[PDB]
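J.: 3D model of this:
(2 chains, ligands or ions: 4)
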Number of protein chains: 2
Amino acid sequence: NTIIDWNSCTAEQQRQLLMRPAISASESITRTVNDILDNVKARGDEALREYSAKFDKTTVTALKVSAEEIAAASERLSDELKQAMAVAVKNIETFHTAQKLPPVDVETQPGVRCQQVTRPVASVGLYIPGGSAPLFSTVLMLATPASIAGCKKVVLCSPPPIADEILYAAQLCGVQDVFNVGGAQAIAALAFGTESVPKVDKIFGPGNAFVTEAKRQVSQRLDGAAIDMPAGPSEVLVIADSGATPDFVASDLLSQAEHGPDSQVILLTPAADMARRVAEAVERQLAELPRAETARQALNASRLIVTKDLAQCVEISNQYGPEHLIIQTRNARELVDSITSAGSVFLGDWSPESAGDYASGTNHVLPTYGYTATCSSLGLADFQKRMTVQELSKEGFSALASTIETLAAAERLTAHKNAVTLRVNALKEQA
Amino acid sequence: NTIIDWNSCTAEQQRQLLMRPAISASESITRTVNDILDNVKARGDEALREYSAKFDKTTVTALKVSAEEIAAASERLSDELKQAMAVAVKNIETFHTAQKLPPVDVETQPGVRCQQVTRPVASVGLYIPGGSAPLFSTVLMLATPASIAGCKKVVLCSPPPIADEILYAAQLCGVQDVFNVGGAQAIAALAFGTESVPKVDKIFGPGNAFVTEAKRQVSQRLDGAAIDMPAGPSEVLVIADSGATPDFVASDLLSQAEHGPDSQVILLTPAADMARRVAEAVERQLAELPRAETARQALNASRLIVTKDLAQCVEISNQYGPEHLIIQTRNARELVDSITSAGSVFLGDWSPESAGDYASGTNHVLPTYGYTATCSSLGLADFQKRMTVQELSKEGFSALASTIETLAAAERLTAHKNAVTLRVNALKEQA
Ligand SMILES: NCCc1c[nH]cn1
Ligand SMILES: NCCc1c[nH]cn1
Ligand SMILES: [Zn+2]
Ligand SMILES: [Zn+2]
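T.: Numbering: from 1, shown residues only, chains lettered A, B, ... in the order given. Ligands and ions are numbered 1, 2, ... in the order given. Now the structure:
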């Protein structure tokens, strides 16, 4: 509970109110993940099978899940679920396909043709945390854009035994191979490759501390691979005016809170009345949540802030740059233009966070922990790259030659200048 | 050396040729850079003047270059040079402006509106190495896309004294502030901010080993900033058939070679006679280069490979993924489609590397050292952020509610499910 009267706080107390958790990061895990990587790179599968004893009694046999196993899993899933996933995929597919960069083809000057084309990332590996109730929805979020971009190889790793939901999810999005491996060793297998797991160009998907560390390390190693983005605690910031519904606001704060004890939960409202009613609704709803220890633990760091007006809410939100920004105001749409920093925005009272997590079609893999400053939500662009192309006709080149020689000359790049002179002389002789 | 017959090499040798040299780490430079960064964050300008004091004979006083000094440097440059930069900027501007993303606004289904909007990175800092032969053109390549993106603040740091060309290039592209600082201190200054230098969100521009390490470190620190891309030796790969002009091929190889003793220059040709002629052309042209010790050393690691046919040329290039791909073949454009990985491609006899470096309009800040596998040429997108926005109407939310609950329930995220139920019930009540 405890409401915060923003304008009664000192300037320092304020910045302190929104400060994100400090990064502990123990060397313990840095060295541990270091052993794991080196070991996986050198002794491939043999190393993997070994770790397949240490953590979780899996004693993995064949690293790759068979087509029969996937089929057996797909049969045990209800039609309701299967149909639910087809809806999500269809919408996610529609949104990402819409992100395709239209071809760039222009002549900056007559005869000087410059283009920007797209090429897909050759191969991508998808990591999915295991457990009893895995977040299989992330499979749809990673594998669908990978499919749309035209990635030649799309593979997925997850701690064995892999739940039926993940198997079916992978299959539905066309994942080629699913491997029984997890933790820091699954990341290494993807970055370095083994006798069974292929080396990929980019690794996608969040996970625990070890997985996060492993991704960080393989992203800084020449022998490793690139990653989708750095990690950080998830965040949600709700802006609510006097017209908002306390229960709706609370349900979104709680949705975020139930993700992990480290979740950042923030409410901004110009009405003390609203802040108080939201705190009450949070209390009531919390009491009905089953496994609600993390939600309560996350709420210990929450902030229910009362601002002087709506503009101040936007001002605070922009400084923070939240992963998820939910605008439950009466003219939500109009505020979008003034929002300069957020991962994903949800407008109105009928756009719950959960809608974006599962079926609106947007991607729920977003930048957080302040990275909204320069990084973007996962989209088509993260599974491809922009390649430029240029062709100068004899005319275009001749028209630019002098400019190029002058510049190359000012930078003291003789060979750069000579490449031009040689060509101009060749043309003079053929003219 | 002379020439390499690809198909005469063993499978093992062929795999070694495609690999690039390994960097290092030097705990000494990492530690040095670490102390520099911390010292700059803790003691600002005073700390910067202590460094300037030891590295130069004239300790810097005012860190910000005056508008007065900028006008003076501008008057000292020739009209020829100034006009040339204007041509470059104009073409660079035209190409990057054409990269503006069209609106992404779609209804995955009735009442479920999903958009992708862009927002500029608020502040960016550009670094430019100093010295005798300053590559001022990089200023045009960095400041131009920044201006187009709409970045609110653009500042530049360069080791004093700062050449007139840089100052002019900066003014020309609207760079707001220029600061007399270089090396790892400038990066630290931009990443942390000091009394004079503003803290920026992202840092652009390559530099020496200390700059590189400084950029790696600030990109990893939470109190740091993002960077454009990791560095590595520069490269060029030329594919040439029997119709290519030896001297043209050679001049491009030399253009790249003169960029640094670590440059990688490669030739892939189906004709053994072409390889020999190019090798001789390279030696003859090298003899005329004023100071080509750099070019000379770089050529020691060059590779002039004779292949079976162009198909094999493309296959090898794609596995390598060169920073610059130059195609001097009869059917140049026809091959582009087959090119799956390259930073920037040049087509035909009249598209010298030099043309792209200075005036075609494409960006010459490109991914190298194999980063072409997932990284793109610098472009408008690097000075922006993609933000997702969604709004479901009551109808849209109502039609998608069962799907969300089903998926939420499947992931055992009760609060996520409850956020839907509450809304559904509120709508029944209403009507
Ligand atoms: N941050 C992950 C979003 C998610 C997955 N499932 C539900 N919510
Ligand atoms: N790789 C830097 C491109 C350049 C600068 N000037 C000429 N060439
Ligand atoms: Zn969620
Ligand atoms: Zn060059």
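J.: what residues sit buried inside stretch A:84-94?
T.: Judged by neighbour count using 16 or more other C-beta atoms under 10 Å in any protein chain shown, the buried positions of stretch A:84-94 are A:84-85, A:87-89, A:91-94. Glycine gets a C-beta too; all of them are placed from N, C-alpha and C.
J.: where along the stretch 301-431 of chain A do the helices fall?
T.: All helices of the stretch 301-431 of chain A, identified by DSSP state H, counting those that start in this stretch, fall at A:310-320, A:332-335, A:353-358, A:394-410, A:414-430.
J.: check whether the shortest one comes near chain B.
T.: So that's helix A:332-335. Yes: in terms of C-beta under 8 Å from any C-beta of the partner chain, part of helix A:332-335 sits within range of chain B, namely A:332-333.
J.: contacts for that helix?
T.: For helix A:332-335, contacts defined as C-beta atoms under 8 Å, 6 or more residues apart in numbering or on different chains pick out A:239, A:310, A:314, A:327, A:329, A:347-348, B:391.
J.: now do 10 Å
T.: Applying C-beta atoms under 10 Å, 6 or more residues apart in numbering or on different chains, the contact partners of helix A:332-335 are A:239, A:241, A:310-311, A:313-314, A:317, A:325-327, A:329, A:345-349, A:351, B:113, B:389, B:391.
J.: which positions within it qualify as buried?
T.: Buried residues in helix A:332-335 (16+ other C-beta under 10 Å): A:332, A:335.
J.: what's residue A:117 sitting at in phi/psi?
T.: Torsion angles at residue A:117 (phi, psi; degrees, to the nearest 10) stand at phi -120, psi 170.
J.: quick one: it and chain B, what's the gap?
T.: With distances taken as C-beta to the nearest C-beta, to the nearest Å, residue A:117 is found 8 Å from chain B.
J.: isn't that residue right up against residue A:102?
T.: No: counting by C-beta atoms under 10 Å, residue A:102 is not a contact partner of residue A:117; they are 11.1 Å apart.
J.: hang on, the earlier thing: I'd like to know which of the contacts of helix A:332-335 are buried.
T.: A:239, A:241, A:310, A:313-314, A:317, A:325-327, A:329, A:345-349, A:351, B:113, B:389, B:391.
J.: mind checking which of those residues are in strands?
T.: The strands, defined by DSSP state E, take in A:239, A:325-327, A:345-347, B:113, B:389, B:391 from those.
J.: which residue is the nearest non-sequential neighbour of residue A:297?
T.: Nearest non-adjacent residue to residue A:297, counting by C-beta to C-beta, 6 or more residues apart in numbering or on different chains: residue A:261, 4.0 Å away.
J.: er, residue A:69 I mean
T.: Closest to residue A:69 by C-beta to C-beta, 6+ apart is residue A:167, at 7.1 Å.
J.: secondary structure class for that neighbour?
T.: For residue A:167, the secondary-structure state derived from DSSP: H, G, I helix; E, B strand; the rest coil is helix.
J.: which residues of the stretch 151-300 of chain A lie near ligand 1?
T.: Taking C-beta under 6 Å from any ligand atom as the contact definition, the stretch 151-300 of chain A meets ligand 1 at A:234, A:259.
J.: which helix or which strand is home to residue A:179?
T.: In this structure, residue A:179 sits in strand A:177-180 according to DSSP states H and E.
J.: helices and strands around that strand, which ones?
T.: In terms of contacts (3 or more C-beta pairs under 10 Å, 6 or more residues apart in numbering or on different chains; DSSP states H and E), strand A:177-180 is packed against helix A:27-54, helix A:67-75, strand A:123-127, strand A:153-158, helix A:164-172, helix A:183-192.
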